[PDB]
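Survey of secondary and tertiary structure
Here's the letter readout for the chains.
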Amino acid sequence: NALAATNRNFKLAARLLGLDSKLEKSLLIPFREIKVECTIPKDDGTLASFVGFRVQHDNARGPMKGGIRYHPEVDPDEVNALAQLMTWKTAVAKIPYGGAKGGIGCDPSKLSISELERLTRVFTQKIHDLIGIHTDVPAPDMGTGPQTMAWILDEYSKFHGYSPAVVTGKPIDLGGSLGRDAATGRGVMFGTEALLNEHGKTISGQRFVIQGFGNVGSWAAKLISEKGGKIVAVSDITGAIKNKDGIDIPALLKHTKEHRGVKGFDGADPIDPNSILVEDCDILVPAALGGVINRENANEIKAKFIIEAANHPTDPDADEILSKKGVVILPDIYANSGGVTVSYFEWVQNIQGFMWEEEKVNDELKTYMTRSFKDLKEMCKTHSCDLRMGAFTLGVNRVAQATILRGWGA
Amino acid sequence: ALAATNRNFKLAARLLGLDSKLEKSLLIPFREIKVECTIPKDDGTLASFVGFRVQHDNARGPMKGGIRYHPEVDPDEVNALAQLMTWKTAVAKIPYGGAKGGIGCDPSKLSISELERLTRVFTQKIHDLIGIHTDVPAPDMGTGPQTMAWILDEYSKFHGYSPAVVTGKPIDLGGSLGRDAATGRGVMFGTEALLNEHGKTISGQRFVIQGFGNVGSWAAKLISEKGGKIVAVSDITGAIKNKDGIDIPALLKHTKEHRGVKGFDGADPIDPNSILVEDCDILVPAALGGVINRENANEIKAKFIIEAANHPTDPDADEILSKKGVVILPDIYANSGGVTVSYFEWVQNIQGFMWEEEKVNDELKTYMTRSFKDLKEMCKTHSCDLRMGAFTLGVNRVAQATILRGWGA
Amino acid sequence: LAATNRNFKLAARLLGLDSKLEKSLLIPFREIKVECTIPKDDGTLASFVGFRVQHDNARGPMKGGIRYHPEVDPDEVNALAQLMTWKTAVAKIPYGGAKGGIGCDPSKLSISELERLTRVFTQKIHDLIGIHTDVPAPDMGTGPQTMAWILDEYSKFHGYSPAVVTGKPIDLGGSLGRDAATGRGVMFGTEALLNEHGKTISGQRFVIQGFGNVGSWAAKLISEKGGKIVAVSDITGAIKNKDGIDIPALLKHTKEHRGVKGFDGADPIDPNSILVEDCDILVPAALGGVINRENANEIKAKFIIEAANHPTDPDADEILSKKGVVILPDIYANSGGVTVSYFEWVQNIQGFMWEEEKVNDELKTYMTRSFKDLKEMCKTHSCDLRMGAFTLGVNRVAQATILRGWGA
Amino acid sequence: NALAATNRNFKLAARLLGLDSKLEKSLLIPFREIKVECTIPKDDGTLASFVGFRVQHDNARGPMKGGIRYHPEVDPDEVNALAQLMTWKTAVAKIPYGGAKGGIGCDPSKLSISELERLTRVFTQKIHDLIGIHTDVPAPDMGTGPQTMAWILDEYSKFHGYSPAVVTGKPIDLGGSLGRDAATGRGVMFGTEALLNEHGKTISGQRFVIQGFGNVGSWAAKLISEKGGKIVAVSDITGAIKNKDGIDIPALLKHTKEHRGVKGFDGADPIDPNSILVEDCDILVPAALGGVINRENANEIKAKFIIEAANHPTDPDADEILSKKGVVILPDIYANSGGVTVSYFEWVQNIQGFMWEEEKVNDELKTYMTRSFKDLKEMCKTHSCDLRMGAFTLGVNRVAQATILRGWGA
Ligand SMILES: [K+]
Ligand SMILES: [K+]
Ligand SMILES: [K+]
Ligand SMILES: [K+]
């Protein structure tokens, strides 16, 4: 209900710009769509056939970037929307990538680790000629992780020699970047301060509600509290906890790693899991799932700021409700761009054959996100639009310019 | 009768002892590609088209399949034809796999300069996905030898001169002699093979040929030259009959002059809808699919039907004509002379040395008789009709190569 | 071992070969060792060494088998690779000599492990071989399926490459007549040898020691050319018939059973006396060094066809050299195999398979020409057949080496 | 030779870690071993045939690195040991290389410069397909030098285009690195300060005896005196000299370069050339050859610290004797790693197409060696072992982790 909106925002941005319909159509059509057969022997000896795939949407601004999703549900339209979304996101970030997205229709929880490596290596064999250091650089996604990237790297290197830059999100021992783990969360804290400063405020003192406590949410909470932010409520799959005076995030993290959830945490009262988004605060950070803010609860949001750390957490219905209430929303396409930005930095480090210290990684991230927020701000002033539309017009403009500069045939 | 393809495959897999897991893998195509083809039109404005190529199976060698320029593109049909080509090349005993591709577009609305432009972009967008030993495209609806010349030309910018990358080229650019008559000549070859098995020969037999294009005319020419009596021929302009035999050479001059058979002295005109039920020995549907169907199958008087066209017999008519004792030479074999000679064109390009036409035709006789022998022996093995014998033979060969090559332990 | 090197220096001195050029001809072009580590079926790791000696490629791509065997003597492997270089030159096929394998016991591995290992080996050497570089073939412990796996795995790195290996299944581009190739070659050379002496295969009495893949095929085609196969031995025992063993009937018996011992139509004889049987033509077809000091004087044949490799070590060579026993050397006699393996490659290069009659007809052409070239070397240097073969082969490699030059 | 101890140290380190015996077996086996025929025309026209070779031991952690030896003595076992040592050495240094080692069995002192170029190019032609920018990067060694590398670079570039990164040790005019001459000596001084700092000490004031005065030894004395180190005794090819207040190193360096030895230096009294190891001081630097410290001279060593600047300078017996005395030994695998580390920097600069100023080379060298020393120490803390074993365990562990992360197929 918010991802079908991708094409809508695009067409909206294209109309904000003076985009010609013929160029718009070209930008909509992906550069390449690939489906491959992945047949492996299972541990019981019998054959198992899976379909791997890769949508390579756009490469005008450089090599394509996108995750590999191991998930049984594969909608052709949905995957295409994500590949296109990555094209604008990389453009908003001003990193020299295009957008792509791939995966294998499969359920990893029903495969042995032996089968998952076997499956991953076959998939790499079937697409090795379609990706590459300067063509398409995959990344982890739902159902895959650093070990997956390691296996891809190993098999790919058999066909083209050692190629650490062919995937990002690798283990540190295999050429992964420092700061990759904290990247998206750190970006969320960075972008929040940029937006607050634009209103004469700073993170220090503000009250935060963080819905979701996975990698992104947990890191956000850590770095934000370290900036003086008052984290008053946090939820995860195990429950939701509140502390009006501020949750001690270091203590929570220590509890959360040991106990595998925020539930049972001494030092914060448990609260109704369905009250977390409507809890009283200044800044609301949806950091788990999509569609959690909708027509059913938009009027009950109390924050003046919503930092879309998760993807598509706010449906179009809630978007217009909160606008007509003075709520500013930092759109996900910008708010969580620290991840893909740092992945660009990982690739750069591999291209340069020399890793950066973490202070440099983080320093460049601050620079890239400061600049992109400024450009994002100026697009809004130019087109008298909200932040989300400013991000899409900014992204579509850059792709369109690069496309035009490179030309079509004769 | 086209969507019936999976029916023939699923049956053949059951006639063979194929494991259900291996059967599913054989159904899954090796690769499916969609590419953006945007070109500047003659007026300067942009035009965007989608090109595509389904590469179904390559167990038995490089993939082979036509390129279709047509605005209507059904994904299932494209996949079905690619799968069909996999079985057909296996029946032919030529070392290819099956593929099928094209661009969704209407060439009648494009200038010739735009069509070259569009063809070159498509080649640039897929050149890394085809190749001398990978995938050898060929013409199909909306493309022809000129299109192949353009592909050859653009592909060679990326890989050096590569005449073997496409078949159906002009003779001047390494196309094969005998390429025009190949399908038609193959039909006559398969007819004699089938008749020889019944102690009969072409000489004397009465032929009805529905459709008089390249395939139909060539069959009529070469069959009449073997002593066959063509008693009726129909085409887009009408149908003409002569119970004592139509003089094909004279008819060919009339049809080349008058762009149709209607008006030919030496054959009375007859109802174009009556052509399939005319009295004869051998009926050659050579125009369209499904022309022999549930409504007219019982009314066929021929003891043999030579499927020169593709899918001329619906499953319904297959059983009616089977029980009435009609032997049907199935399309997958009967018109394989074309794909066989396209293999010969490629072989000649691979060997850097063209064949005399007599060699082309002589190898074709060898390839189609030997494949008929194997086709015959499969039917006896499984007590099945020719069409089912062909699918089981084709699926068995691919399965053998797939199993020999393995799935990485 | 050093058995080969002994013939080589002898041939090198027969020709006027420069000692420095001779040293280079002896040194192999390349020696490769690679680690092949696979997970075993129980999950634990297993590490094997693969290897390939690439001896000489002056005359074209190198050719040689892959042997899966636990015993790996570096001296043997180099000797075999060097021998292949000479063998391909006597055959006049445009190949050089190479030889490789994996130290492992295939009898202790599942087919899953054997496939895994084969593919890993291919990954480890794919960049060191190729359709125009080095074309492997089956050998001890490998067969057509092994070639199929190599073909499949190699093709992931370089596209479909049927010509990268020979000995493939026919379903994957293997040659017709490949199975009978070596056996037919021995029959061809026997007729050439007899024709030089005013005799023909027809009428001559054959005792055939060994009835494996090669021996069985030899017996078949000679019986069909009128040869009287009067005694045959193999791993299970020996049978004799002065009027001739019916090779089809013998083949029927052996195909049902696992040996000829029990064959109606030939009474059994002593398994170790076959070499000393009364006949005109004796064919050692099993193992090396079997013709030796202990039984050389008791050979009654005037003709010995070396179907096996190194069946006569130097000791018997000189004993039989006197008294007039003719020996057709292994380097030529079993070259039918490597010749038809060349034809398999040619067919794959041409993308168009040959009828079997063409394979066999070209086989007859290539071996006749090489025999004629072989005899003239013997006449030129007043030497026996074995040295004549070495002189011919080493001459061809040296000529090719010199024409191509050394930079300068 | 403490060279044959290589397999000795490894199986120990592999046992200190929980290394599966089968994985230990694979880590022992080299990835590839190559022998090639190198036949060239000599200047008199006659043929000469040589055998070139390259052991490529391990590449789990990256491209292989190793020297090319032009030397008539070729022991296969020793060459394999050296390539294996390099695998561990690069892992301790934390540079992304594996270990290799090669050469040509030949005596360059019996060859003209024209024949040496001919032979060098023929060797490159025979192995060009087995090395590469991301595969295996050779370097000078005994019998080869910058000119050798220039010829390799030139001939290789005919086959793969300009490839300055294919070898290190190049002439500076062809992309060689600044500071490469002082690298090993400077590295010795860096590690010495790192070691002393853990003991609350600094280079300043302490007494140095430096045995051997080659490239490494001379540079060490130079850099050490400049930090305040008191070099009280020096040995070289011509003899040994002493000065209880400290030998004036700048003045001596002037004396040694003109005269080509230390024999004759005003400002330092001569001493027994065979007494050099038993001189009283704080830090003794064996900097010439291996096995110079053995059981016969171990008990009377007066230093609390031995900086193994040379390779294999301490035999196993003395290692335990000096441990049983409170003597700390900085092992050669770490102490002289400045060379290989800067060779990595040379490669990096060529990969990036942009040379570093010398100060940057030296600052990065300091960074890499302090970081590796800190890592080396924490390994000792975990395994309660000496510095030498701490280095092997650290290197073997890193290789083992990379190997496992990349996996084995199925
Ligand atoms: K596009
Ligand atoms: K398939
Ligand atoms: K040689
Ligand atoms: K290893």
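Each chain carries its own residue count, beginning from 1 and running in the order its sequence is written; this scheme need not agree with the entry numbering, and residues with no coordinates do not appear. Here chains are named by letter from A upward and ligands by number from 1 upward, in the order in which they appear as written. Only a portion of a larger assembly is shown here, and every reported value applies to that portion alone. To get the side-chain values, all heavy atoms of the structure are used, and hydrogens and water are removed first.

As recorded in the PDB entry, chain A goes by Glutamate dehydrogenase 1 and comes from Arabidopsis thaliana. What the PDB entry is called, per its title line, is "Arabidopsis thaliana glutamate dehydrogenase isoform 1 in apo form".

The name recorded for chain B in the PDB entry is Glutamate dehydrogenase 1, from Arabidopsis thaliana.

Residue and element names in this part refer to chain C. Look at helix α11 (residues 335–349) against helix α12 (residues 356–381): their axes get within 10 Å of each other, and the N-to-C directions meet at 125°. Considering their axes alone, α11 and α12 lie oblique with respect to each other. Like other packed secondary-structure pairs, α11 and α12 cross with a definite hand, here right-handed. Side by side, α11 and α12 meet where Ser335, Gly336, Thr339, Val340, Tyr342, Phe343 and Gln347 of the first sit next to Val359, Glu362, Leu363, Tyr366 and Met367 of the second. Amino acids outside the nonpolar list (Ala, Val, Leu, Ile, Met, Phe, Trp, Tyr, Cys, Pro) and the charged list (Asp, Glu, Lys, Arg) are all regarded as polar, and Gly is one of them. Grouping the constituent residues of the contact of α11 with α12 by class yields 7 nonpolar, 4 polar and 1 charged. Angles here are taken between N-to-C directions and fall from 0 to 180 degrees, while the axes themselves are lines fitted to C-alpha atoms, restricted in helices to the stretch in contact. Under the DSSP-based scheme used, a helix requires at least four consecutive residues in state H or I and a strand at least two consecutive residues in state E, with every element numbered from the N terminus. Our angle categories are set so that under 35 degrees counts as roughly parallel, over 145 as roughly antiparallel, 65 to 115 as roughly perpendicular, and the remainder as oblique. Two helices crossing with the near one rotated counterclockwise from the far one by less than a right angle form a left-handed crossing, whereas a clockwise rotation gives a right-handed crossing. Whether two residues are in contact is decided by their heavy atoms: any pair within 4.5 Å suffices.

What follows is about a positive patch on the surface. A contiguous patch of positive charge on the surface is contributed by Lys200(B), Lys301(B), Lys303(B) and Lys324(B). Classification of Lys301(B) as partly exposed rests on a relative accessible area of 35%. Two distance rules govern patches: like charges are joined within 9 Å, and nonpolar side chains (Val, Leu, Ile, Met, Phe, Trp, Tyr) within 5 Å, applied only to residues with over 30% relative accessible area and no salt bridge. Accessibility throughout is a Shrake-Rupley quantity obtained with a 1.4 Å probe, and a residue counts as covered only by protein chains that appear here. The salt bridge criterion pairs a side-chain nitrogen of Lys or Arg with a carboxyl oxygen of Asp or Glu, the two atoms within 4 Å. Charge convention: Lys and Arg are scored as positive, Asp and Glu as negative, and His as well as the terminal groups of each chain are ignored. Charged groups are reduced to one reference atom each: NZ for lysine, CZ for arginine, CG for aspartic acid, CD for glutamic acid. Burial classes: relative accessible area under 20% of the type maximum marks a residue as buried, over 50% as exposed, and values in between as partly exposed (1.4 Å probe, protein chains only).

Moving on: the domain arrangement of chain A. When the parts come together, some accessible area is lost, and that loss is often what is quoted as the size of the interface. Residues and elements named next belong to chain A. The split into domains, and so the bounds of each, comes from an automatic or database assignment of domains. Looking at chain A, the domain boundaries give domain 1 (32–174) and domain 2 (175–410). Taken over C-alpha atoms, the centre of domain 1 sits 25 Å from the centre of domain 2. At the junction of the two partners, domain 1 supplies 33 residues and domain 2 supplies 33 residues. A quick way to say it: buried area is the sum, across both parts, of accessible area lost when two parts are put together, with a 1.4 Å probe. Buried surface at the junction of domain 1 and domain 2, both sides included, amounts to about 2,700 Å², of which 67% is carbon and sulfur. Three residues stand out in domain 1 for area buried against domain 2, namely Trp88, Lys89 and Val92, and they jointly supply 25% of the buried area on that side. Put simply, domain 1 and domain 2 have 1 salt bridge between them.

Next up on the list: the interface of chain B and chain C. Between chain B and chain C, the contact holds 22 residues from the first and 18 residues from the second. Together chain B and chain C conceal approximately 1,600 Å² of surface at their shared face, both sides included; 54% is due to carbon and sulfur atoms. In terms of surface lost to chain C, no three residues of chain B exceed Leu404(B), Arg405(B) and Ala409(B), which account for 45% of the buried area on that side. Across the contact surface, chain B and chain C share 2 salt bridges. Among the ionic pairs, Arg370(B) bridges to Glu355(C), the shortest N-O distance being 2.4 Å. Counting only elements with at least two residues in the side of chain B that touches chain C, the list comes to α11 (337–350), α12 (357–382) and α13 (386–405) of chain B. Among the elements that take part in the side of chain B that touches chain C, α11(B) stands out by supplying 5 residues, more than any other. Split by residue class, the side of chain B that touches chain C holds 12 nonpolar, 7 polar and 3 charged.

The next subject is the pairing of strand β4 (residues 96–102) of chain C. Residues and elements named next belong to chain C. Burial analysis of β4 places 7 of its 7 residues in the buried class, which makes it a mostly covered element. With burial as the criterion, each face of β4 is covered, one bearing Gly96, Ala98, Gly100 and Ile102 and the other bearing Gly97, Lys99 and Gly101. As paired elements, strand β2 (residues 45–56) and β4 share 6 bridges and run antiparallel to each other. Counted as the bridge partner of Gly50 is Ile102 from β4. Here 5 bridges tie strand β3 (residues 62–68) to β4, and the two strands are oriented parallel to one another. Each bridged residue has a counterpart across the sheet, and for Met62 the counterpart in β4 is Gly96. Call a crossover right-handed when, viewed with both strands pointing away from you, the route from the first strand across the helix to the second goes clockwise. The handedness of the β3 to β4 crossover, carried by helix α3 (residues 74–91), is right-handed. What makes two strands pair is DSSP finding at least two bridges between them.

Residue and element names in this part refer to chain B. The domain boundaries assigned to chain B delineate domain 1 (31–173) and domain 2 (174–409). One C-alpha centre belongs to domain 1, the other to domain 2; they are set 26 Å apart. Counting residues at the interface gives 32 residues for domain 1, matched by 33 residues for domain 2. Where domain 1 abuts domain 2, roughly 2,700 Å² becomes buried across the two surfaces, and 67% of that area is made up of carbon and sulfur atoms. Between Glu345 and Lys169 there is a salt bridge, with the nearest N and O atoms lying 3.1 Å from each other.

Residues and elements named next belong to chain B. As annotated by UniProt and renumbered to match this structure, "active site" occupies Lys100. For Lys100, the location among the structural elements is in strand β4 (residues 97–104). Judged by relative accessible area, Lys100 falls into the buried class, the value being 10%. Here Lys100 is in contact with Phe52, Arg53, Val54, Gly66, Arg68, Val78, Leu81, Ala82 and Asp140, once residues within four sequence places are set aside. UniProt positions are given in the numbering used here, feature names are shortened, and annotations may be inferred rather than shown by experiment.

Attention now goes to the interface of chain D and chain C. Taken residue by residue, the interface counts 23 residues in chain D and 23 residues in chain C. Of the roughly 2,200 Å² buried between chain D and chain C on both sides combined, carbon and sulfur atoms contribute 58%. Its largest share of buried area at the contact with chain C, chain D owes to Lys35(D), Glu37(D) and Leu47(D), together 26% of the area lost on that side. Taken together, chain D and chain C are joined by 3 salt bridges. In this structure, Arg30(C) engages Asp129(D) in a salt bridge whose closest nitrogen and oxygen atoms are separated by 2.5 Å. Pairs of N or O atoms are called polar contacts if they sit within 3.5 Å, as long as, within protein, a hydrogen donor faces a hydrogen acceptor (for residues adjacent in sequence, only side-chain-to-side-chain pairs). Connecting chain D to chain C are 8 residue pairs in polar contact.

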